[PDB]
Amino acid sequence: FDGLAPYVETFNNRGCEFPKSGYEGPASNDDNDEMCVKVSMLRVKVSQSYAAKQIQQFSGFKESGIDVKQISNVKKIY
Amino acid sequence: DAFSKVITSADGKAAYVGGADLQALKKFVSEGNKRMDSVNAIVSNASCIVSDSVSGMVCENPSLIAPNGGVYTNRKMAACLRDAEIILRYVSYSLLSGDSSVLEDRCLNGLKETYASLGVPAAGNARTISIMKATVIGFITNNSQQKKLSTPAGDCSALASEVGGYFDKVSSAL
Amino acid sequence: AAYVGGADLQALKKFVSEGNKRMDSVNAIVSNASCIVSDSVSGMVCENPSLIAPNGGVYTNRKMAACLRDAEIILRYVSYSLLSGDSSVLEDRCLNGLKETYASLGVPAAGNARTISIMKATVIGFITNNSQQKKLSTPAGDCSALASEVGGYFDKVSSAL
Amino acid sequence: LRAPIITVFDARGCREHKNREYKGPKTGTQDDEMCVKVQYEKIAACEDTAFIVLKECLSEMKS
Ligand SMILES: *CCC1=C(C)C(=O)N/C1=C\c1[nH]c(/C=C2\N=C(C[C@H]3NC(=O)C([C@H](*)C)=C3C)C(C)=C2CCC(=O)O)c(CCC(=O)O)c1C
Ligand SMILES: *CCC1=C(C)C(=O)N/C1=C\c1[nH]c(/C=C2\N=C(C[C@H]3NC(=O)C([C@H](*)C)=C3C)C(C)=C2CCC(=O)O)c(CCC(=O)O)c1C
Ligand SMILES: *[C@@H](C)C1=C(C)C(=O)N/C1=C\c1[nH]c(Cc2[nH]c(C[C@H]3NC(=O)C(C=C)=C3C)c(C)c2CCC(=O)O)c(CCC(=O)O)c1C
Ligand SMILES: *[C@@H](C)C1=C(C)C(=O)N/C1=C\c1[nH]c(Cc2[nH]c(C[C@H]3NC(=O)C(C=C)=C3C)c(C)c2CCC(=O)O)c(CCC(=O)O)c1C
Ligand SMILES: *[C@@H](C)[C@H]1/C(=C/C2=NC(=C\c3[nH]c(C[C@H]4NC(=O)C(C=C)=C4C)c(C)c3CCC(=O)O)/C(CCC(=O)O)=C2C)NC(=O)[C@@H]1C
Ligand SMILES: *[C@@H](C)[C@H]1/C(=C/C2=NC(=C\c3[nH]c(C[C@H]4NC(=O)C(C=C)=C4C)c(C)c3CCC(=O)O)/C(CCC(=O)O)=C2C)NC(=O)[C@@H]1C
Ligand SMILES: *[C@H](C)[C@H]1/C(=C/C2=NC(=C\c3[nH]c(C[C@H]4NC(=O)C(C=C)=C4C)c(C)c3CCC(=O)O)/C(CCC(=O)O)=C2C)NC(=O)[C@@H]1C
Ligand SMILES: *[C@H](C)[C@H]1/C(=C/c2[nH]c(/C=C3N=C(/C=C4\NC(=O)C(CC)=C4C)C(C)=C\3CCC(=O)O)c(CCC(=O)O)c2C)NC(=O)[C@@H]1C
Ligand SMILES: [Cl-]
């Protein structure tokens, strides 16, 4: 186990006046010429500082996001 | 092939599929355009998917951030958030490629034994995965509060079933 | 750290309006902070992608990290304004001079304005949330006064910046 | 770069954590099982958060 995972990027960029870099193959002569998928393997990292923020954010044990099932408990279940 | 070369390079080199190669890719996988939108719904929501899945694991069992709990320290929480993202990203690649081979061989192979040796709670992983699965399916099927990705309105239930299967492979393995 | 529980909390909820709902509104903000922050900043970017083009306001990891931090700082001072029922601390400790700091750093005012307007709509949405009770973390009811109040606090931010 | 970090503990029914942080008078009501914590700390700039948000952005740019 090396911590590496595939980062997939979906660029649907019709109408974008930004130089195109990355793709080096033939043109389609349609909208696909303004769209690209990118894949790379990269080590996924999470900082201790973000982890600490998350611990604090989760420590109410009560508030979810909007319009989702509620599964919170006040007792230790496992 | 193009993606397996970068997956085995394991060194940050990128593969790019645009233009005619992308038009072709979308002919060789089922529901090519909808499949790219489904992938987009994972990768553009990656941070909130991970956070909500771990947060729900924790609100269901607050003892996970009590002293000695599975994610009590910043170090352990960081590892857990990391793993959730790793798994989510392998699922995203499974959806891009229409195949779970890389997820199984590079992510899930040995993972259960690893968690058993570290004491990582199987019930916590089970809940995190179930929420990640539901969240991804929600974004793909417009069941989410936010609909920030503009798509043509249609039925993506087949892709939602497929990605659900990939999460179910994770759950099975763990 | 200050701890306000038991009789101090009961008293606090008699000295601020809407005391229980007020605690709930603060809980909803802080318990969703990372998404509120990322959705706001990334919405600024997705609407104006030049912000992540070369030399754009948040185009490097370091710049983006600083902007996400500042957005969190602002959200937290707004959360404290809602907890206390007063914007004095927000005005004196976070907004006083911030526009000049951002001018000196070249942080784009229009970008800031959009992060704030998304953040305002998002926080108000957590307070006016009308989800069915089984999908709602609090007792369903009217939190209009707190939504108005927090909108005012965001308006102070927008005005200052 | 400090800000008030607020945690809201609606701990009604929670027995595993002992309610020892608040040391003022109690009430004999459920307010004794709820507490707000406020602390003023440096807010970190997290480059991992920046990286993942940038990746999100790159896959959703409008034009
Ligand atoms: C990524 C954040 C997000 C945005 C933005 C959006 O629009 N939707 C988002 C997330 C999202 N979450 C779910 C589903 C669930 N989330 C949880 C966790 C929370 N419930 C709690 O009780 C709790 C602690 C207090 C949480 C944190 C849960 C349990 C679910 C339901 C999972 C299930 O078993 O079905 C969704 C999917 C919503 C849907 O079903 O359509 C989404 C999109
Ligand atoms: C992230 C926290 C969250 C949870 C959980 C949930 O259920 N809702 C949440 C956030 C939320 N966001 C808004 C409003 C906006 N968010 C954006 C940014 C995204 N839109 C994009 O186009 C984009 C790039 C592709 C994004 C990132 C924007 C622009 C808005 C609208 C702001 C406005 O001017 O009105 C809300 C508010 C309620 C709503 O549904 O709009 C909420 C709760
Ligand atoms: C119940 C939700 C629960 C289970 C089950 C479990 O395993 N752990 C649980 C709760 C939990 N609580 C904290 C931290 C914490 N709770 C409070 C509120 C409490 N303290 C008081 O003095 C009063 C009086 C009214 C109340 C109510 C506070 C203030 C804190 C923060 C402590 C601190 O460090 O400042 C935690 C986090 C770990 C821990 O036990 O400290 C858990 C998991
Ligand atoms: C329009 C969305 C836009 C404006 C306006 C702006 O100011 N910047 C904009 C876009 C933008 N694009 C990137 C990076 C990027 N785009 C693509 C897709 C592109 N490349 C191709 O080869 C093709 C089509 C065949 C398209 C379409 C890719 C692959 C990338 C990443 C390149 C890489 O590094 O791997 C960026 C990021 C900033 C930058 O300097 O790259 C912006 C802001
Ligand atoms: C469930 C997945 C969604 C839903 C998706 C649909 N997308 C449809 C067409 C479509 N999507 C794209 C963008 C996509 N293709 C790419 O190459 C990339 C990035 C590299 C992306 C992100 C395109 C270009 C198209 C074709 C139409 C167009 O020109 O925009 C679609 C129409 C049916 C189809 O084409 O198969 C659907 C239903 N729709 C939903 O309601 C849920 C939320
Ligand atoms: C808008 C803010 C919300 C909404 C909130 C409501 N909360 C209501 C009652 C209520 N909330 C609490 C918990 C709160 N009090 C505290 O002291 C703390 C922690 C320190 C918290 C988190 C309590 C104790 C109560 C009273 C009822 C009870 O005993 O549980 C409420 C009912 C009306 C009212 O009490 O005025 C509402 C409407 N409801 C919504 O739909 C939005 C999203
Ligand atoms: C999060 C929902 C879990 C949780 C996760 C933890 N995992 C911990 C260590 C760990 N994870 C892996 C697998 C990971 N590395 C990879 O390269 C890949 C795939 C390519 C994956 C999926 C490994 C090998 C390790 C050990 C090495 C390391 O720490 O990086 C971990 C630390 C455990 C401890 O030190 O006690 C945690 C906390 N923990 C939970 O409670 C929830 C359920
Ligand atoms: C994010 C929405 C916007 C953005 C932000 C951005 N900020 C900085 C750097 C700084 N921000 C501050 C902010 C504060 N000082 C205070 O006293 C307070 C109140 C508590 C705040 C909020 C400061 C001091 C700095 C400088 C120190 C530092 O870098 O941390 C940057 C970095 C600028 C740089 O290149 O170094 C950025 C990018 N930028 C945007 O474009 C968004 C609109
Ligand atoms: Cl070009």
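So you know, we letter chains A, B, ... as the sequences are listed, proteins then strands, and number each from 1.
- No donor-acceptor pair closer than 3.5 Å links the side chain of A:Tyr23 to the backbone N or O of B:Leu22.
- One finds the SG atom of B:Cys59 at 10.5 Å from the CD atom of A:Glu63 (value rounded to the nearest 0.5 Å).
- For chain A, the option among B:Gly12, B:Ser63, B:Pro62 with the highest count of heavy-atom pairs below 4.5 Å is B:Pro62.
- B:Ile131 contributes atom CD1, which lies 8.5 Å from atom NZ of A:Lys69 (distance to the nearest 0.5 angstrom).
- Heavy atoms only, all atoms of each residue included: B:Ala10 and A:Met41 are closest at CA-CB, 4.1 Å.
- With a 4.5 Å cut-off on non-hydrogen atoms, A:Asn29 does not touch chain B at all.
- Side-chain contact between A:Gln48 and B:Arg75: present, with at least one pair of heavy atoms (C-beta onward) separated by less than 4.5 Å.
- Closest approach of A:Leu4 and B:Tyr90 over heavy atoms only: O-OH, 2.7 Å.
- At a threshold of 4.5 Å between non-hydrogen side-chain atoms, the residues B:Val6 and A:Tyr7 do not count as touching.
- For the side chain to side chain contact (heavy atoms under 4.5 Å, CB included) test with B:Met36, the passing option among A:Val8, A:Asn12, A:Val37 is A:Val37; the others fail.
- No more than 12 heavy atoms of other residues, nucleotides or ligands sit less than 6.0 Å from atom NZ of B:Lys112.
- Closest heavy-atom contact between B:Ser51 and A:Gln54: OG-OE1, 2.7 Å.
- Taking all atoms of both residues into account, the shortest heavy-atom contact from B:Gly19 to A:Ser28 is C-CB, 3.8 Å.
- Using a 4.5 Å cut-off between heavy atoms, A:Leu42 contacts chain B through its side chain alone, with no backbone atom that close.
- The parts of A:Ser59 that come within reach of chain B are both its backbone and its side chain, each placing non-hydrogen atoms under 4.5 angstrom from that chain.
- Contacts between A:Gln57 and chain B at a heavy-atom distance below 4.5 Å involve the side chain alone, from C-beta outward.
- Heavy-atom distances place the side chain of A:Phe1, and not its backbone, under 4.5 Å from chain B.
- Taking CD of A:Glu24 as the start and CG of B:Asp21 as the end, the distance is 11.0 Å to the nearest 0.5 Å.
- If you measure heavy-atom distances from A:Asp30 to chain B, the contacts under 4.5 Å come from the side chain alone.
- Here A:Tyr78 contributes atom OH and B:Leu64 contributes atom CG; the two are 4.5 Å apart, rounded to the nearest 0.5 Å.
- The nearest pair of heavy atoms linking A:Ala51 to B:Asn74 is CB-O, 3.3 Å.
- A donor-acceptor pair is defined here as one N or O able to donate and one able to accept, closer than 3.5 Å; no such pair exists between the side chain of A:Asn73 and the backbone of B:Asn61.
- The shortest non-hydrogen separation linking B:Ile65 to A:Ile55 is CD1-O, 3.9 Å.
- Residue B:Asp11 qualifies as enclosed at atom CG: its count of foreign heavy atoms under 6.0 Å is above 12.
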Starting from the C-alpha separation in whole Å, work towards a yes-or-no answer on side-chain contact (heavy atoms from CB on, under 4.5 Å) for B:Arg106 and A:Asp2. CA-CA 10 Å; B:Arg106 284 289 299 261; A:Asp2 49 19; 3.4 Å; yes
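- The distance from atom NZ of A:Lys20 to atom OH of B:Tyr16, rounded to the nearest 0.5 Å, is 15.0 Å.
- Interatomic distance, CD of B:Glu60 versus OG of A:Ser72, reported as 9.0 Å (0.5 Å rounding).
- When the candidates A:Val74, A:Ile71, A:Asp33 are compared by the number of heavy-atom contacts under 4.5 Å with chain B, A:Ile71 comes out ahead.
- Residue contact with chain B, scored on non-hydrogen atoms closer than 4.5 Å, involves the backbone of A:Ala27 exclusively.
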